[PDB]
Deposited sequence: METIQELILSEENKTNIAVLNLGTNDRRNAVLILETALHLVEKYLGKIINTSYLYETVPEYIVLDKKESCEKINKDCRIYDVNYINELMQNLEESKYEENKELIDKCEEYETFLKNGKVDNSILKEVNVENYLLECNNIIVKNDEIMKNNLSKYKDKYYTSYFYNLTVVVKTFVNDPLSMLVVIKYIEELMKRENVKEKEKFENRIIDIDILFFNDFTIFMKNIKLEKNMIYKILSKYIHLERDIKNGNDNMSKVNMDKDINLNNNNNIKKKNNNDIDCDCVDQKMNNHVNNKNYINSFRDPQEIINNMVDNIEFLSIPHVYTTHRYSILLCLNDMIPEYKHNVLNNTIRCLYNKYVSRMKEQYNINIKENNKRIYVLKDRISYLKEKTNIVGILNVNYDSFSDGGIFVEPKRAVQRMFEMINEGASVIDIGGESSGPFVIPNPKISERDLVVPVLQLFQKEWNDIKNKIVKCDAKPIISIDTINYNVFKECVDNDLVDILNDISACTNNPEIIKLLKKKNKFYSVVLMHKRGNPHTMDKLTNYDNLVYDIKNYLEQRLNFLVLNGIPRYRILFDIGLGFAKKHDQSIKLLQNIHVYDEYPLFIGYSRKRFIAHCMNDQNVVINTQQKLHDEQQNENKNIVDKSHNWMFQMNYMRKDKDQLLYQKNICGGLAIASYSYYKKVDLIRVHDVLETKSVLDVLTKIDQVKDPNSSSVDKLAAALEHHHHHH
């Protein structure tokens, strides 16, 4: 009552659940809440994947809302961290200050939660969910104050359900709560510069009780599923075991006891731009536009932006979902044009593309056929000018953001998040072919990428926006490139982006309507070799399709799309039991 509003500069760890039932807008809704959490509550230092969830039993006013928000009373800083001691403390069970709110014991907690569960069960006797967890390092003093601010956040969004799953190591159950409008105003005022009055009203009745941990933490698969991504090793006093063990037990008991595969209807989601993609449900084509190549393979000396943009339109028409544009070549032994800059190679092209795209009259005819744009850069300044001018959706960083970790701050704005490809390499175009010694090739690269994701996620990059790339041909011998492909299954839990297109390791596999469009006249021998190389990669397209690789980065968009279209058709069975049924019918003659 008293210590709730004391001016003690406190640092706490809370774990939240963010849920919505609105599919079309699931991303916008949940990311808006992420922003409001970052703004009003503290620092997001962990996230789970996004998930489409089936429950246990079985407009654009946000835009304007974001423009006119009350400033926080706390400093926002986008600075990078490589660790967070209070988080470390929370994950172990290190000594933390005693709860200012009154705690219950374990047994009393479990009885109160069970009561809520049986009570909600009963009421029910008389939709898809979209879910994400977050860990917040928070300046709010207690879960009751936090819930008040969360209730404010919900109301601001005018559809969204934000729950507190954990708050430090506290065990709390507060049975009856009637906060006067007076009290709400004072909690809010401690954290927000308040203007605005119509909101506090709805809030009064909304907080009936407080349960920490949340009543449903152990009961809802969808929560265990999300927590398992973030904090698998966490054990709270109330819990029988670690998050991971509880998660695994839930899965195997649904199998053993009810004959259900609980994974079937609880789908991991990743995000490329602003829409839901179901992990492993589609192999997307990323069409390659290398401006250097496109311009100077000629033997020419001038960039040709119009030719560049034409090519971008061609690849869209050929069925690319993403275009990857770059102006810094990174293939073996390539010296760049040292006279024209990366920025001048790509930005004009992207600017012209934006202009041509916009020169289209549509209101319901053709509005969402826009390709996602990826920029192959490691360069902060280039990426910054692109996002400032809305030229791109995705950072493709072949250094996994180690060239300049600050580029990571650019993947976040007040209202926008951007997705990012992290790739493994060693060395540069001139050195990489000799940097080939690995203790454990497959796991070294996996562990490297996971460490990078952990770093991005610590810095509040949403987990579902980070894609992995093993970097074929980049400090790998041909046999190693193959081995990475043979062992691609190790990425079955992750959004996977690969680039094999026209690389040397394909030719190493080998013992006419030409698919290589010659830039200069080639010999017959070489045309054949190019043909084999492009066809060799269509083999990897097939392999990728069957391995459920999420994105493939290719020069030959029409060819690749033709392959994926036929594999998709063969896979779409009209009736999934017809083969046994037809067989039995034939035996019965």
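A.B. asks: Lining up the deposited sequence with the coordinates, I want the ranges that have no C-alpha atoms.
C.D. replies: Gaps in the modelled chain, taken against the deposited sequence, lie at 1-4, 63-81, 150-160, 193-205, 243-301, 618-644, 723-728.
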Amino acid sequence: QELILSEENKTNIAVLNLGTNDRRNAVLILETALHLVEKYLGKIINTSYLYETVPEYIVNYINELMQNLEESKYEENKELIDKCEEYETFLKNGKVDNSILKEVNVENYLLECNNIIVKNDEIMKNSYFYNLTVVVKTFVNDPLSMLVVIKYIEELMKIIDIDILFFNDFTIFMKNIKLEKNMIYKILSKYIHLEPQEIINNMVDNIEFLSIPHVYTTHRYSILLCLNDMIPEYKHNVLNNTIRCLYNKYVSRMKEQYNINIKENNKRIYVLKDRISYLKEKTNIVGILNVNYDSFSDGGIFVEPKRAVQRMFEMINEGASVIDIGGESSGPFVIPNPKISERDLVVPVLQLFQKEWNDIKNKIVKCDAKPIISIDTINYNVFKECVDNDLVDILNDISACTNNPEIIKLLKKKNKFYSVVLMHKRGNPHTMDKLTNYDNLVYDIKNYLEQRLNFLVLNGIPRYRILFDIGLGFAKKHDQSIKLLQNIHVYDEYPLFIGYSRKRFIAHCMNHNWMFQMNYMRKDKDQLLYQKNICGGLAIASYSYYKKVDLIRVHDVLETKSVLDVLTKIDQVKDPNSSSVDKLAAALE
From here on, numbers count along this sequence of modelled residues.
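A.B. asks: Determine, among the other compared PDB entries that model residues flanking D550, whether at least a third leave it unmodelled.
C.D. replies: Comparison shows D550 kept in all of the other entries.
A.B. asks: Can you check if, in at least a third of the other PDB entries compared, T53 has no modelled coordinates?
C.D. replies: Across the other compared entries, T53 is absent from none.
A.B. asks: Which has higher Cα B-factors on average according to the PDB entry: 45-53 or 63-71?
C.D. replies: Result of the comparison: 63-71.
A.B. asks: Using only C-alpha atoms and the B-factors in the entry, which stretch averages higher, 128-136 or 86-94?
C.D. replies: Taking the mean C-alpha B-factor of 128-136 and of 86-94, the larger value falls to 86-94.
A.B. asks: Which one of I364, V286, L272, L352 shows the biggest C-alpha B-factor in the PDB entry?
C.D. replies: That would be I364.
A.B. asks: For the listed residues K483, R465, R268, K414, which one has the largest C-alpha B-factor as given in the deposited model?
C.D. replies: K414 has the highest C-alpha B-factor of those listed.
A.B. asks: What third of the chain, by the recorded C-alpha B-factor, contains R452?
C.D. replies: It falls in the bottom third of the chain.
A.B. asks: Place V573 in the lowest, middle or highest third of its chain's C-alpha B-factors, as listed in the PDB entry.
C.D. replies: Highest third - that is where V573 ends up once the chain's C-alpha B-factors are sorted.
A.B. asks: Test of reading the entry: by CA B factor among the chain's modelled residues, which third contains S419?
C.D. replies: As the PDB entry reports it, the C-alpha B-factor of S419 lands in the lowest third of its chain.
A.B. asks: When the modelled residues of the chain are sorted by Cα temperature factor, does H555 land in the lowest, middle or highest third?
C.D. replies: Within its chain, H555 is a lowest-third residue by C-alpha B-factor, going by the deposited values.
A.B. asks: Based on the entry's values, in what third of the chain does the Cα temperature factor of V549 lie: lowest, middle or highest?
C.D. replies: Ranked within chain, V549 CA B lands in the lowest tercile.
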